[PDB]
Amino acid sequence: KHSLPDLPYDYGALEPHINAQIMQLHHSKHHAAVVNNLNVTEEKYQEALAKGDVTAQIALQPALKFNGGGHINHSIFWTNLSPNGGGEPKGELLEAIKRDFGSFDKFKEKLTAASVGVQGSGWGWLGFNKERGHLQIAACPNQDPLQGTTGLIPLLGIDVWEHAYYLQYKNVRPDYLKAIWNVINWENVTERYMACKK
């Protein structure tokens, strides 16, 4: 039974980069909805499966991908942010960043590019390619989860749906991106990165 994870901080802990109103609606409304819908969809799939109803299984994929993906994306996104966030990582993550992207600064510009590049709803990601053994940036549409659809392990995700910023930054997505860098929780991103090492 999937459940809505508690935010690691208060709804206003990211001010002024991401105001409390956005944070509150994001946890309590958008993420809450998809968890419940994910559960409803899963139950349905369990029944369709048991009866060998392939057609039902297919018709249910969009809702499962969207609600399941949404739950995955927000669970990770919350952890990716912090009131102590900002700055740059150190050690291996930072070393990998320069290695695969030239410099941390170039990296920000690239991930910022993929994120602003999303036409419509979506997410920009810094993920790890286990097969290639290196970092990689990818953009995913709507709620399609990174690992489930590309195989890359999610490290840093920048939610770019308009409910992630419109109330505060309106149609100017670049300002949202520039701002979010101030709250990135690199300790978590580093943790995730190291979990790929082992």
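Residue positions are given as counts along the sequence shown, with the first one as 1.
Averaged over C-alpha atoms, is the B-factor higher for 139-147 or for 168-176 in this PDB entry? Looking at the record's C-alpha B-factors, the answer is 168-176.
Could you settle it for me: does 88-96 or 75-83 have the higher average Cα B factor in the PDB entry? If you average the C-alpha B-factors of 88-96 and of 75-83, the larger mean comes out for 88-96.
In terms of recorded Cα temperature factor, pick the maximum from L152, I58, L49, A32. Highest C-alpha B-factor among the listed residues goes to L49.
Quick one: classify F104 as lowest, middle or highest third of the chain based on its Cα B-factor. Highest third - that is where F104 ends up once the chain's C-alpha B-factors are sorted.
Chain third (lowest, middle, highest) by recorded CA B-factor, residue given as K65: Its C-alpha B-factor belongs to the lowest third of this chain's values.
Among the modelled residues of this chain, does the Cα B factor of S28 put it in the lowest, middle or highest third? For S28, whose C-alpha B-factor we compare with every modelled residue in the chain, the answer is the middle third.
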